[PDB]
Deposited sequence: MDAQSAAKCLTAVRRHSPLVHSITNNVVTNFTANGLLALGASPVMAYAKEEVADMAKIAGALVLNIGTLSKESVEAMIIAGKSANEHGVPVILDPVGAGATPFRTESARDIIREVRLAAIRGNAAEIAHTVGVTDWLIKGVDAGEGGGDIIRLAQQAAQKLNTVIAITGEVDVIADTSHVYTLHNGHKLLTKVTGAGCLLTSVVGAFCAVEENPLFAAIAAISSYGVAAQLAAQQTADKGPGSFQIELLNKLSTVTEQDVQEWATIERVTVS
């Protein structure tokens, strides 16, 4: 997997405009939808139990985010995940806060038991509670245990499936000043999984394309601030090119 192939995946996403069903928290629904629209995907945000099953089945990917949990939204997420599983739609999980509060950890473990996942994206603590050289081993152990793809996020991202491991070096710290920046990335990974057969490559391509857009947006923002960055990021998800990804994406097979 390289920058050249990641660029090709970004073009496939724009070409097909995949329907990406996201069940996420209310602090980031609007931004998640706008980021996906800018990227070139088709967002669908239904979250109620009376319809999530019908939505998930026709989507290109289902993304579950436990940011602002509730007993009911977790149940809807599982109903959606089971429907997605029945119809061969890939499911991506973002176990936000797993290990921080008991309810989050329980909900994350619940989903892992009831839904087969194509990929899980979270920080080291979140992945451990739900499931460097130490980060690489954690990613490999979890990927092998759940027979899935694990993307442990940080300034350096470690992605692993049952047999391979990669480190990615893209992005900008300004992403930490925009709420939903991480949540949107997991949905972008979903958009890529909807067009790329292998979830490991989809994830690498997704994280790389997003990090490049974020870097280019930060360059333009200069010292304007986090408000301008938020708008520039949406602009760059739309204007970032294959050439930009080939030139700035840093993908390393370990």
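Residues of the deposited sequence with no modelled C-alpha atom fall in the ranges 132-146, 270-272.
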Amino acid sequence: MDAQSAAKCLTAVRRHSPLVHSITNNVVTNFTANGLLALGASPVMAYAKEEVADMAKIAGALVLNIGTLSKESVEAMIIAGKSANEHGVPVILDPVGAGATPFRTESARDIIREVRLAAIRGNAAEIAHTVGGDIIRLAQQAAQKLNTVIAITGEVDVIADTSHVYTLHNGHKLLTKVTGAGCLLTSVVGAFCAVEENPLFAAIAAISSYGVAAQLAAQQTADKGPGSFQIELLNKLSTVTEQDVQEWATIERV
From here on, numbers count along this sequence of modelled residues.
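Comparing 170-178 with 84-92, the higher mean C-alpha B-factor in the PDB entry belongs to 84-92. Of the two stretches examined, 159-167 and 179-187, the record assigns the greater average C-alpha temperature factor to 159-167. Each of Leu62, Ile204, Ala214, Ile58 has a CA temperature factor in the record; the biggest one is found at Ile58.
Between the residues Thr32, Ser228, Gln220, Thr68, the entry's highest C-alpha temperature factor is the one at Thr68. Residue-level temperature factors show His16 in the highest third of its chain, judged at the C-alpha atom. Placement of the Cα temperature factor of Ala53 within the chain: highest third of the modelled residues, per the deposited record. Per the PDB record, residue ranking by Cα B-factor puts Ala124 in the middle third of the chain.
Among all modelled residues in this chain, the alpha-carbon of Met77 has a temperature factor (C-alpha) in the lowest third.
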